[PDB]
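Visitor: Quick one: the structure is below, and I'll ask about it shortly.
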Amino acid sequence: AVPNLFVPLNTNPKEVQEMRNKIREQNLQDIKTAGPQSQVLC
Amino acid sequence: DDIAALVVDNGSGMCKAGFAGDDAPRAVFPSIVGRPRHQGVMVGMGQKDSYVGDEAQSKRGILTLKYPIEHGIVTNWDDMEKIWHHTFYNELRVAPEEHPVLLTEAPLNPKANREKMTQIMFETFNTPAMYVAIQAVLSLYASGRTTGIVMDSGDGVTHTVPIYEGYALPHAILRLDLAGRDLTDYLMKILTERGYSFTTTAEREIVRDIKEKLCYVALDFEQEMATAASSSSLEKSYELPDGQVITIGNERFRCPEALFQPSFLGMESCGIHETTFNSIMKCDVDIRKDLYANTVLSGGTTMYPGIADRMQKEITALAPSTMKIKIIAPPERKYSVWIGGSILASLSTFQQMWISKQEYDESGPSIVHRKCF
Amino acid sequence: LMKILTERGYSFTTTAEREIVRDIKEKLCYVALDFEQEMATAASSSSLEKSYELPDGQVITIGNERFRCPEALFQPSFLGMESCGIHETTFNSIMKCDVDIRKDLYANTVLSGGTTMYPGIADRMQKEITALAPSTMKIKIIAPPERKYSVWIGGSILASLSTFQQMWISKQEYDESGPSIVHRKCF
Amino acid sequence: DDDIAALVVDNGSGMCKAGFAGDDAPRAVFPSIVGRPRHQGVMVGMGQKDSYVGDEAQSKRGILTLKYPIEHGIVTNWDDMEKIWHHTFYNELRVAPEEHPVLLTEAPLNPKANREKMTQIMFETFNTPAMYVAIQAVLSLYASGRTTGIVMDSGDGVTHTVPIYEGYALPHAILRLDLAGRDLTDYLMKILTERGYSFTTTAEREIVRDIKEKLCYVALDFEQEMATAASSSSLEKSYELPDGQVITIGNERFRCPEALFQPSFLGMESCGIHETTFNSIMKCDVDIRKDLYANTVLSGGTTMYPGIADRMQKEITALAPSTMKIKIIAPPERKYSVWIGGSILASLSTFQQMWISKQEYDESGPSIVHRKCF
Amino acid sequence: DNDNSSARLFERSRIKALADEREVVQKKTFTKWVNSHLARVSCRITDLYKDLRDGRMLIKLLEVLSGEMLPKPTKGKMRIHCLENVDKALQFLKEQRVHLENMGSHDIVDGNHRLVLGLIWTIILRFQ
Amino acid sequence: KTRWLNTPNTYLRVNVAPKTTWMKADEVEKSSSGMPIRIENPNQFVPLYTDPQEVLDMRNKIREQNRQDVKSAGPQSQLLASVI
Amino acid sequence: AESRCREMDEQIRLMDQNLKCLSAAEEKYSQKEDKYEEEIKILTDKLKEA
Amino acid sequence: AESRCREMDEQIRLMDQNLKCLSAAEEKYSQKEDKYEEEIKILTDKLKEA
Ligand SMILES: Nc1ncnc2c1ncn2[C@@H]1O[C@H](COP(=O)(O)OP(=O)(O)O)[C@@H](O)[C@H]1O
Ligand SMILES: Nc1ncnc2c1ncn2[C@@H]1O[C@H](COP(=O)(O)OP(=O)(O)O)[C@@H](O)[C@H]1O
Ligand SMILES: Nc1ncnc2c1ncn2[C@@H]1O[C@H](COP(=O)(O)OP(=O)(O)O)[C@@H](O)[C@H]1O
């Protein structure tokens with residue numbers, strides 16, 4: 001239990017590789033976005 | 001999907017904050033707290049006990065600037081609470097009860113720092129979930145590779161950690177107390193030789209601006225001494241806020257050289273290149289050639305022009321000649337940690353790893369050592 | 001080999017280092033035809049030196065130890081074991097058989113296995129077993145160039161024979177007789 | 001014209017001991033450190049000392065960069081080691097090196113260049129009439145006075161186990177482990193980091209070593225001791241820095257030496273010292289094993305923590321078959337035991353024919369050390 | 001604790017007694033030899049550790065043994081003048097290639113017993 | 001029968017520049033690689049004829065002087081004895 | 001004077017502890033030998049009867 | 001301070017000498033144990049074949 005206590009096992013690296021590309025897509029495309037608006041504001 | 005988490009990077013120098021899944025942080029501002037020191041005479045102007053962050057930078061003439069974080073350690077917790085309140089309410093304008101927060105801190109730190117950080121983020125702000133991560137692991141997320149040794153140099157502390165195939169070797173982590181604040185103090189010391197004297201905490205920011213604008217890392221130290229002694233082509237001119245003009249000259253490449261030779265400060269420790277090489281040699285035999293090919297620079301202190309060539313040349317000199325050394329320095333390496341935080345904060349498989357509020361209630365603040373790292 | 005490589009200064013202690021040392025043994029080892037003559041030859045000049053490059057990038061020069069590691073096969077007193085070398089072992093195995101069949105046994109000696117791929121193993125083996133054998137008898141060693149896999153090749157022969165279909169232990173037979181069916185069925 | 005008593009010089013890493021043959025205890029004991037100044041000397045008329053050697057170098061720790069000439073039992077700086085030897089011969093014992101024989105010690109598995117360089121630098125520079133090199137663990141078992149036993153010597157630099165049965169030592173059963181006091185000092189620095197105290201310079205490394213020596217112990221039951229330390233604050237001790245600052249250790253007292261039995265804390269994958277002793281015993285022949293189970297001998301400074309003997313006896317009993325009795329022999333003065341044995345080996349009348357003579361060295365070269373001594 | 005107590009009792013008894021007893025006899029023999037050579041210039045020393053602090057006795061002893069003129073000692077009673085005299089004596093020993101280890105002016109001045117005895121033994125062995 | 005001890009280097013005798021001097025003779029000068037030392041019998045390090053009681057007797061003799069706490073000092077050189 | 005007083009108080013403590021442990025070891029040691037003596041005589045009787 | 005340190009000196013000197021003898025006594029008991037065990041074990045083996 002002591003070698004890999006901190007992380008869950010059997011996870012695909014392709015998911016992380018996809019997400020980094022998805023984040024870089026916004027930088028390339030220069031997207032306008034706003035932050036999440038609160039429910040109490042709504 | 002549901003509500004997005006918050007990513008907050010608290011380095012010793014400047015604080016950065018934004019929403020998870022974003023490319024760049026929304027709020028970037030210095031981590032200072034200022035209080036007035038002179039008499040106040042105009043009746044009716046209103047009172048203000050403290051100045052937090054950027055607001056303290058503009059009115060720095062009549063304040064005594066104080067840093068809450070010193071050498072990567074939170075010394076004054078009240079000013080940290082003030083900084084966090086300012087970040088949450090004035091910079092991002094979000095209620096902290098709706099969002100989980102992910103925080104960053106140094107590899108080797110006292111246990112009480114993490115315990116008090118967890119207690120503060122649960123007890124006062126009432127966040128539903130929180131997590132703590134090492135900054136350099138987030139740098140390796142930002143780079144996007146599974147294997148490499150990463151060296152992060154901030155305003156408080158420098159640290160090297162090697163990671164191979166997702167496994168981090170704990171005994172090879174090296175920490176060095178040589179950072180940007182020490183270089184600023186050394187620049188204040190060596191600017192005395194030409195006649196300019198800066199003493200109060202207001203002029204420390206002027207010295208920091210001088211260091212950020214007109215300093216560079218020499219490729220060869222003695223040859224640059226010979227060149228600067230022979231001619232006046234290396235001098236540059238800067239304008240003070242009050243209108244006086246100073247001219248640095250020789251001291252441009254002597255301040256950042258002190259990272260590679262810490263004996264200028266009186267420190268006995270080795271340079272950053274030797275620290276990285278020693279941290280590589282602390283690992284096992286089979287992973288060393290992979291660590292030579294994936295050295296990653298992170299943190300603002302590595303934004304001197306010419307740091308990469310000097311580091312590559314030094315490590316090439318120290319390593320055996322049969323292998324290739326490449327240093328991977330992304331142009332936006334200042335915010336790399338925060339970018340890594342975003343990549344971590346909105347993974348699908350990461351959502352099971354938040355420290356739940358119920359778990360904190362039933363375990364005390366000691367739950368952060370069992371989880372996190 | 002890992003123990004005697006400590007004397008030159010190089011140290012290998014973990015499991016990956018044992019794998020590296022095994023790779024070194026597979027790359028640079030050979031069996032001397034004469035131990036004393038080869039040892040004196042290494043005492044004379046430095047022509048018996050080779051350089052191996054580690055995965056770290058370091059270069060080591062093993063030199064004299066190339067023919068000392070396999071020599072433990074023929075002189076197991078280096079390790080402290082009581083039993084003597086392989087050549088007298090197969091000599092005693094031959095001598096335990098009948099006198100009439102020894103003539104075919106000398107002429108049909110076959111080497112197999114991974115350890116028997118050291119260069120010069122056949123000549124040293126033949127010389128030692130001829131020194132042990134009577135002078136009127138003829139010795140023939142058989143060294144296949146694919147001996148390392150030869151056992152598996154033999155298995156491929158045994159799974160193709162039509163009579164071998166009778167050899168198979170049926171699942172129903174195992175369910176009837178328990179796990180002890182293998183002693184009576186397999187010889 | 002009586003023969004003069006020889007000189008016994010014990011050199012492990014981190015401490016040098018020296019004395020005359022036939023005496024009970026060594027005359028000189030001093031750390032094997034050499035320091036050089038790093039700051040600028042501005043007062044004219046000061047003394048011109050390039051290097052501070054030995055105990056004197058530990059007086060002015062604040063202005064020097066201390067270095068060790070031996071790393072893991074291997075002499076990595078010979079010209080530096082010559083300074084320790086010269087200071088031992090001329091300043092502490094103040095004897096003429098050309099007039100007495102010298103006896104030296106080393107670790108079992110060392111490169112041959114170490115022994116050859118030791119013999120060459122002893123004959124050529126100090127001009128001794130005769131010399132000898134003896135393995136340390138055999139000397140310790142001489143000091144214990146039994147002719148059959150397994151001895152595990154753990155000193156700063158090295159740990160090694162050798163068995164001896166009836167005056168015969170099995171060479172293939174010798175085991176050597178690079179887990180020693182200096183690694184424990186580094187681990188103590190690493191775990192003292194998270195309490196809130198930071199030590200970086202080598203002058204502070206000496207302070208951390210002093211803290212380790214003064215306040216450490218080995219727990220019989222590790223998990224129960226951790227639970228006791230978590231439940232109550234009774235297991236706490238205070239220490240004063242040379243600066244003068246009360247620090248409180250608490251939990252880390254029994255965690256620094258516990259790394260001896262579980263080397264996975266340091267990242268090393270090697271077995272513990274108990275399993276090292278057990279593996280050395282099981283590598284031997286059957287008919288001697290019982291005697292080796294009854295004559296375990298501890299030696300060296302690293303074995304001076306309180307509670308090592310009971311913990312090791314319990315662990316070996318947990319590993320050994322139940323029908324045998326396990327006895328752990330730990331003399332109170334065991335830290336010096338190796339040196340004591342050397343004095344006995346320097347005083348036997350039978351031994352006097354086996355000194356390496358200068359005359360035979362002149363034609364055999366420095367390679368006579370392999371032919372003459374074990 | 002009991003093992004450690006008995007062990008350090010063994011140290012402070014045997015190690016300390018043997019070293020201290022040897023240095024007492026060794027000091028007495030050394031000071032007799034020094035008084036033997038210093039009768040020619042009509043100077044004598046009562047205590048070995050105290051009388052060598054000023055460094056004039058060492059300069060006179062080197063004058064006796066070498067038979068040649070050294071630089072004159074500075075007529076100063078300060079601490080730094082004592083350091084200057086001892087440094088002059090050690091430098092005069094340094095030109096004639098007499099090997100010394102761990103020898104310093106402050107070692108003689110502050111009165112280190114082993115270092116003073118080692119310097120006297122080196123002078124005895126390597127010069128005469 | 002015979003056990004072989006290897007030496008990775010070779011030392012060469014060089015005249016004084018009388019006192020004997022030995023030389024490293026590194027690999028650039030085409031020196032010999034491996035020097036063998038042969039041991040043809042066990043227990044060559046120990047003399048064959050020895051009484052076991054003597055060592056234990058001398059151990060007792062040395063040890064009980066601690067018990068009786070002697071005032072004995074080390075040997076002194078004869079150059080000090082001559083001036084007396 | 002105060003330094004050498006600290007020294008000698010430490011001396012008091014250490015060798016007091018040594019007296020403790022040594023006397024206690026002797027006093028606990030004596031009981032075991034008698035058990036060995038009784039076992040030998042009973043063991044002989046069982047031999048001779050068989 | 002000087003006189004009190006001098007006065008306590010005699011006590012340390014005398015009962016150090018007290019400690020020394022008891023050391024050799026417990027060593028003698030440690031010697032006495034082993035040969036008792038070996039006579040026990042040989043007697044047991046002879047009894048067994050009886
Ligand atoms: N462009 C630059 N060039 C050189 N040095 C810089 C630059 N920007 C920042 N620094 C140095 O880095 C420090 C800020 O580093 P930062 O990344 O904010 O550290 P942290 O975020 O860990 O507190 C400043 O004090 C300054 O000394
Ligand atoms: N070309 C070679 N040269 C020398 N030794 C070899 C060579 N090939 C294999 N070996 C040794 O033989 C071993 C492999 O033996 P192998 O015949 O595969 O065993 P098995 O097939 O019975 O499992 C390896 O561990 C290696 O040490
Ligand atoms: N009283 C003690 N208690 C615990 N540890 C000790 C004690 N004395 C010494 N040590 C440890 O033992 C080491 C000294 O080992 P030592 O026996 O001197 O090695 P060697 O004699 O081979 O040089 C030191 O590094 C120290 O950490």
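Labels used: A, B, ... for chains in the order of the structure tokens, numbers from 1 for residues in each chain, and numbers from 1 for ligands as shown.
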Could you find all residues in region 76-113 of chain E that DSSP calls helix (DSSP H, G or I) from the backbone, and write them as JSON, numbers by chain?
Guide: {"E": [79, 80, 81, 82, 83, 84, 85, 86, 87, 88, 89, 90, 91, 92, 93, 94, 95, 105, 106, 107, 108, 109, 113]}
Visitor: Env of residue 45 (chain E): 10 Å cut, atoms = only C-alpha atoms, seq-sep filter 5 positions within chain, self excluded. Answer as a PyMOL selection string.
Guide: chain E and resi 31-32+34-35+38+50-52+57
Visitor: Please provide chain G as a short mmCIF file (atom, residue, chain, number, x, y, z; two decimals) with N, CA, C and O atoms, in the first residue's frame, once it has been superposed on chain H by least squares across all sequentially paired Cα atoms.
Guide:
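part-v8.cif was written with the following content:
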data_model
loop_
_atom_site.label_atom_id
_atom_site.label_comp_id
_atom_site.auth_asym_id
_atom_site.auth_seq_id
_atom_site.Cartn_x
_atom_site.Cartn_y
_atom_site.Cartn_z
N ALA G 1 35.03 26.74 49.30
CA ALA G 1 35.52 26.10 48.08
C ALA G 1 36.38 24.88 48.40
O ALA G 1 36.20 23.82 47.78
N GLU G 2 37.30 24.99 49.37
CA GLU G 2 38.15 23.84 49.68
C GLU G 2 37.35 22.70 50.31
O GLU G 2 37.61 21.52 50.04
N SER G 3 36.33 23.04 51.12
CA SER G 3 35.49 21.97 51.68
C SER G 3 34.75 21.20 50.60
O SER G 3 34.72 19.95 50.60
N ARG G 4 34.14 21.91 49.64
CA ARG G 4 33.35 21.23 48.62
C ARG G 4 34.25 20.52 47.60
O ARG G 4 33.86 19.49 47.02
N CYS G 5 35.51 20.97 47.49
CA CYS G 5 36.51 20.19 46.77
C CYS G 5 36.79 18.85 47.44
O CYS G 5 36.90 17.81 46.76
N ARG G 6 36.93 18.84 48.78
CA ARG G 6 37.13 17.58 49.50
C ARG G 6 35.95 16.63 49.28
O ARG G 6 36.15 15.42 49.02
N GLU G 7 34.73 17.17 49.36
CA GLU G 7 33.52 16.41 49.03
C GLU G 7 33.64 15.72 47.68
O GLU G 7 33.38 14.51 47.55
N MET G 8 34.03 16.47 46.67
CA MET G 8 33.85 15.94 45.33
C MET G 8 35.00 14.99 44.97
O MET G 8 34.82 14.07 44.15
N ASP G 9 36.16 15.16 45.61
CA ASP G 9 37.21 14.14 45.50
C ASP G 9 36.74 12.81 46.09
O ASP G 9 36.99 11.74 45.50
N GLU G 10 36.07 12.86 47.25
CA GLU G 10 35.49 11.63 47.79
C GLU G 10 34.48 11.01 46.83
O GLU G 10 34.41 9.77 46.71
N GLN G 11 33.70 11.84 46.14
CA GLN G 11 32.77 11.33 45.13
C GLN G 11 33.49 10.56 44.02
O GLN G 11 33.08 9.43 43.68
N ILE G 12 34.54 11.18 43.45
CA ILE G 12 35.41 10.52 42.46
C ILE G 12 35.79 9.13 42.93
O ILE G 12 35.57 8.13 42.22
N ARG G 13 36.34 9.05 44.15
CA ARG G 13 36.87 7.77 44.63
C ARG G 13 35.78 6.71 44.75
O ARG G 13 35.93 5.59 44.24
N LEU G 14 34.68 7.05 45.44
CA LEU G 14 33.63 6.07 45.71
C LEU G 14 33.07 5.47 44.44
O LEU G 14 33.01 4.24 44.28
N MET G 15 32.69 6.31 43.49
CA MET G 15 32.01 5.74 42.33
C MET G 15 33.00 5.14 41.32
O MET G 15 32.63 4.25 40.53
N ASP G 16 34.29 5.53 41.38
CA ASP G 16 35.32 4.75 40.68
C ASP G 16 35.37 3.31 41.21
O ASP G 16 35.43 2.35 40.42
N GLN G 17 35.35 3.15 42.54
CA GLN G 17 35.37 1.81 43.13
C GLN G 17 34.15 1.01 42.69
O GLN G 17 34.24 -0.21 42.43
N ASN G 18 32.99 1.67 42.63
CA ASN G 18 31.77 0.98 42.24
C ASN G 18 31.85 0.50 40.79
O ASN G 18 31.42 -0.63 40.48
N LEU G 19 32.43 1.31 39.90
CA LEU G 19 32.64 0.86 38.51
C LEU G 19 33.54 -0.37 38.44
O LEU G 19 33.24 -1.33 37.71
N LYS G 20 34.65 -0.35 39.20
CA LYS G 20 35.52 -1.52 39.34
C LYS G 20 34.72 -2.78 39.62
O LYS G 20 34.73 -3.73 38.81
N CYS G 21 34.04 -2.79 40.77
CA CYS G 21 33.42 -4.02 41.25
C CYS G 21 32.33 -4.49 40.31
O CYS G 21 32.18 -5.70 40.08
N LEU G 22 31.56 -3.56 39.74
CA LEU G 22 30.43 -3.95 38.92
C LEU G 22 30.88 -4.60 37.61
O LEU G 22 30.37 -5.66 37.22
N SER G 23 31.87 -3.99 36.94
CA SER G 23 32.38 -4.59 35.70
C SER G 23 33.03 -5.94 35.97
O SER G 23 32.85 -6.89 35.19
N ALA G 24 33.79 -6.05 37.07
CA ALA G 24 34.44 -7.32 37.39
C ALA G 24 33.42 -8.41 37.68
O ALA G 24 33.61 -9.57 37.29
N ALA G 25 32.33 -8.07 38.38
CA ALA G 25 31.28 -9.04 38.66
C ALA G 25 30.65 -9.56 37.38
O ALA G 25 30.49 -10.78 37.21
N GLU G 26 30.32 -8.65 36.45
CA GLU G 26 29.75 -9.09 35.18
C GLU G 26 30.69 -10.03 34.43
O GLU G 26 30.28 -11.11 33.97
N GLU G 27 31.97 -9.64 34.33
CA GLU G 27 32.92 -10.42 33.54
C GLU G 27 33.17 -11.79 34.15
O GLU G 27 33.22 -12.79 33.43
N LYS G 28 33.23 -11.88 35.48
CA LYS G 28 33.39 -13.23 36.09
C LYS G 28 32.08 -14.02 35.97
O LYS G 28 32.15 -15.26 35.88
N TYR G 29 30.93 -13.34 35.96
CA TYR G 29 29.60 -14.02 35.94
C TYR G 29 29.36 -14.82 34.65
O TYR G 29 28.75 -15.90 34.74
N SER G 30 29.81 -14.32 33.50
CA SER G 30 29.47 -14.95 32.20
C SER G 30 29.94 -16.40 32.07
O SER G 30 29.20 -17.20 31.48
N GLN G 31 31.12 -16.75 32.59
CA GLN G 31 31.67 -18.12 32.37
C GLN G 31 30.75 -19.20 32.95
O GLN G 31 30.58 -20.24 32.27
N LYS G 32 30.15 -18.97 34.12
CA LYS G 32 29.35 -20.03 34.79
C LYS G 32 28.15 -20.48 33.95
O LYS G 32 27.88 -21.70 33.93
N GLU G 33 27.46 -19.56 33.27
CA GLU G 33 26.21 -19.94 32.55
C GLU G 33 26.51 -21.00 31.48
O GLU G 33 25.68 -21.92 31.31
N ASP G 34 27.65 -20.88 30.79
CA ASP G 34 27.97 -21.83 29.69
C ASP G 34 28.08 -23.24 30.28
O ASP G 34 27.61 -24.19 29.62
N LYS G 35 28.66 -23.37 31.47
CA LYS G 35 28.83 -24.70 32.12
C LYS G 35 27.45 -25.31 32.38
O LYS G 35 27.29 -26.53 32.15
N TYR G 36 26.48 -24.50 32.82
CA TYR G 36 25.11 -25.03 33.03
C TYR G 36 24.55 -25.52 31.69
O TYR G 36 23.94 -26.61 31.67
N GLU G 37 24.76 -24.76 30.62
CA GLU G 37 24.17 -25.13 29.30
C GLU G 37 24.73 -26.47 28.83
O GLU G 37 23.92 -27.32 28.39
N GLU G 38 26.04 -26.67 28.93
CA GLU G 38 26.66 -27.94 28.43
C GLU G 38 26.14 -29.10 29.28
O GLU G 38 25.88 -30.18 28.72
N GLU G 39 25.99 -28.88 30.59
CA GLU G 39 25.57 -29.99 31.49
C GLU G 39 24.18 -30.47 31.07
O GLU G 39 23.96 -31.69 31.06
N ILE G 40 23.28 -29.55 30.72
CA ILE G 40 21.88 -29.97 30.41
C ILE G 40 21.88 -30.90 29.20
O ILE G 40 21.23 -31.96 29.28
N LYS G 41 22.60 -30.55 28.13
CA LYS G 41 22.54 -31.38 26.90
C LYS G 41 23.12 -32.78 27.18
O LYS G 41 22.50 -33.77 26.75
N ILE G 42 24.25 -32.84 27.89
CA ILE G 42 24.89 -34.16 28.18
C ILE G 42 23.94 -34.97 29.07
O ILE G 42 23.84 -36.19 28.86
N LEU G 43 23.27 -34.31 30.02
CA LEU G 43 22.37 -35.01 30.97
C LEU G 43 21.22 -35.68 30.19
O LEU G 43 20.88 -36.83 30.53
N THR G 44 20.66 -34.98 29.20
CA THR G 44 19.52 -35.53 28.43
C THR G 44 19.95 -36.82 27.73
O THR G 44 19.21 -37.82 27.82
N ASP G 45 21.10 -36.80 27.06
CA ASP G 45 21.60 -37.98 26.36
C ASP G 45 21.68 -39.19 27.28
O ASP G 45 21.25 -40.30 26.91
N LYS G 46 22.21 -38.99 28.50
CA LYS G 46 22.25 -40.09 29.47
C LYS G 46 20.86 -40.58 29.85
O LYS G 46 20.69 -41.77 30.15
N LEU G 47 19.86 -39.70 29.86
CA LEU G 47 18.50 -40.17 30.12
C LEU G 47 17.99 -41.07 28.99
O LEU G 47 17.47 -42.19 29.24
N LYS G 48 18.12 -40.61 27.75
CA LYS G 48 17.46 -41.30 26.64
C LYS G 48 18.09 -42.67 26.38
O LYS G 48 17.38 -43.63 26.02
N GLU G 49 19.42 -42.79 26.56
CA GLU G 49 20.06 -44.09 26.33
C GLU G 49 19.55 -45.16 27.29
O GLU G 49 19.29 -46.30 26.89
N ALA G 50 19.37 -44.79 28.57
CA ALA G 50 18.86 -45.73 29.55
C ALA G 50 17.42 -46.14 29.24
O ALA G 50 17.04 -47.30 29.43
#
Visitor: Which protein, DNA or RNA residues have an atom within 7 Å of ligand 2, counting only C-alpha atoms and all ligand atoms, as a ChimeraX atom specification?
Guide: /C:22,25-27,29,113-115,117-118,148
Visitor: Dump the neighbourhood of ligand 3 as a PyMOL selection string: all residues within 7 Å, distances computed on only C-alpha atoms and all ligand atoms.
Guide: (chain D and resi 11-16+155-157+181-182+185+209+212-214+300-305+335) or (chain E and resi 4)
Visitor: Those same residues, written as a tab-separated table (two decimals), in the first residue's frame with N, CA, C and O atoms?
Guide:
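Resulting contents of result.tsv:
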chain	number	residue	atom	x	y	z
D	11	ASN	N	41.69	3.12	11.99
D	11	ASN	CA	41.12	4.14	11.11
D	11	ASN	C	39.87	3.61	10.43
D	11	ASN	O	39.93	3.05	9.34
D	12	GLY	N	38.72	3.80	11.08
D	12	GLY	CA	37.47	3.83	10.37
D	12	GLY	C	37.21	5.23	9.86
D	12	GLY	O	38.01	6.15	10.04
D	13	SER	N	36.07	5.40	9.20
D	13	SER	CA	35.69	6.73	8.76
D	13	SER	C	35.12	7.51	9.94
D	13	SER	O	34.29	7.00	10.68
D	14	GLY	N	35.59	8.74	10.12
D	14	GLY	CA	35.02	9.63	11.10
D	14	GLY	C	35.67	9.64	12.46
D	14	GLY	O	35.33	10.49	13.29
D	15	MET	N	36.60	8.72	12.74
D	15	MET	CA	37.30	8.72	14.02
D	15	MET	C	38.59	7.93	13.87
D	15	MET	O	38.60	6.85	13.27
D	16	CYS	N	39.67	8.46	14.44
D	16	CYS	CA	40.97	7.80	14.44
D	16	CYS	C	41.37	7.53	15.88
D	16	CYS	O	41.29	8.43	16.73
D	155	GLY	N	30.22	0.70	11.89
D	155	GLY	CA	30.85	1.95	12.23
D	155	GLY	C	30.49	3.00	11.20
D	155	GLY	O	29.95	2.70	10.13
D	156	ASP	N	30.80	4.25	11.55
D	156	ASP	CA	30.64	5.35	10.60
D	156	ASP	C	31.40	5.05	9.33
D	156	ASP	O	32.63	4.94	9.35
D	157	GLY	N	30.67	4.88	8.25
D	157	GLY	CA	31.25	4.45	7.00
D	157	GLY	C	30.77	3.12	6.45
D	157	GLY	O	30.54	3.02	5.25
D	181	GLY	N	26.64	5.32	10.11
D	181	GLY	CA	26.28	6.46	10.93
D	181	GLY	C	26.09	7.75	10.16
D	181	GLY	O	25.25	8.57	10.53
D	182	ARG	N	26.88	7.96	9.10
D	182	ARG	CA	26.77	9.20	8.35
D	182	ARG	C	25.44	9.29	7.61
D	182	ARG	O	24.82	10.37	7.54
D	185	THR	N	22.93	10.25	10.11
D	185	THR	CA	23.01	11.68	10.40
D	185	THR	C	22.29	12.49	9.33
D	185	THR	O	21.57	13.45	9.64
D	209	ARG	N	25.03	15.53	14.44
D	209	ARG	CA	25.64	14.29	14.92
D	209	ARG	C	25.69	14.24	16.44
D	209	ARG	O	25.46	13.19	17.04
D	212	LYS	N	22.28	13.43	17.67
D	212	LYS	CA	22.03	12.00	17.49
D	212	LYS	C	22.70	11.17	18.57
D	212	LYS	O	22.11	10.22	19.09
D	213	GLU	N	23.94	11.52	18.92
D	213	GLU	CA	24.65	10.77	19.95
D	213	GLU	C	24.00	10.94	21.32
D	213	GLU	O	23.88	9.97	22.08
D	214	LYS	N	23.58	12.16	21.66
D	214	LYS	CA	23.09	12.42	23.00
D	214	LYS	C	21.68	11.89	23.22
D	214	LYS	O	21.38	11.34	24.29
D	300	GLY	N	31.59	-1.63	17.31
D	300	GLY	CA	31.50	-0.37	16.60
D	300	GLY	C	30.62	0.64	17.31
D	300	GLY	O	29.74	0.29	18.10
D	301	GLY	N	30.86	1.91	17.01
D	301	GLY	CA	30.14	2.98	17.69
D	301	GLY	C	28.67	3.03	17.35
D	301	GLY	O	27.85	3.38	18.21
D	302	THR	N	28.31	2.68	16.12
D	302	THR	CA	26.91	2.75	15.69
D	302	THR	C	26.04	1.78	16.48
D	302	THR	O	24.83	2.01	16.63
D	303	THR	N	26.62	0.72	17.02
D	303	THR	CA	25.89	-0.21	17.87
D	303	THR	C	25.79	0.27	19.31
D	303	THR	O	25.50	-0.55	20.19
D	304	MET	N	26.02	1.55	19.58
D	304	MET	CA	26.01	2.07	20.94
D	304	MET	C	24.68	2.70	21.33
D	304	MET	O	24.58	3.26	22.42
D	305	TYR	N	23.67	2.64	20.47
D	305	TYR	CA	22.36	3.12	20.86
D	305	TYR	C	21.77	2.20	21.92
D	305	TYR	O	22.00	0.99	21.90
D	335	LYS	N	32.81	0.00	21.72
D	335	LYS	CA	33.20	0.98	20.72
D	335	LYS	C	34.69	0.94	20.43
D	335	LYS	O	35.11	1.17	19.29
E	4	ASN	N	26.11	3.12	28.39
E	4	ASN	CA	26.78	4.35	28.01
E	4	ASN	C	27.54	4.96	29.19
E	4	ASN	O	28.65	5.49	29.01
Visitor: Mind giving me the straight-line distance from CA of residue 142 (chain D) to CA of residue 3 (chain D) in Å, one decimal?
Guide: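 These two atoms are separated by 22.9 Å.
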Visitor: Give the residues of chain F that lie within 10 Å of chain D; count only C-alpha atoms, and format the answer as a ChimeraX atom specification.
Guide: /F:5-13,19-23,35-39,42-47,49-52,54-56,58-66,69-70,72-77
Visitor: Counting only C-alpha atoms, which residues from chain D have an atom at most 6 Å from any atom of chain E, and could you show them as a list in words?
Guide: residues 25, 27, 45, 47, 49, 52, 53, 90, 91, 332 and 333 of chain D
Visitor: Write a file of the selected residues as a compact mmCIF listing (two decimals), in the first residue's frame, keeping C-alpha atoms.
Guide:
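Contents of the output file again.txt:
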# COMPACT_ATOMS: atom_id res chain seq x y z
CA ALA D 25 43.24 1.57 26.05
CA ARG D 27 46.27 7.01 23.98
CA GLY D 45 50.19 39.28 12.20
CA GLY D 47 49.19 32.76 12.18
CA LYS D 49 47.49 27.87 8.97
CA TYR D 52 43.27 22.57 10.56
CA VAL D 53 43.65 18.86 11.29
CA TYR D 90 54.12 13.59 15.81
CA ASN D 91 51.62 15.54 17.94
CA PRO D 332 30.09 -2.05 27.61
CA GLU D 333 33.33 -0.79 26.03
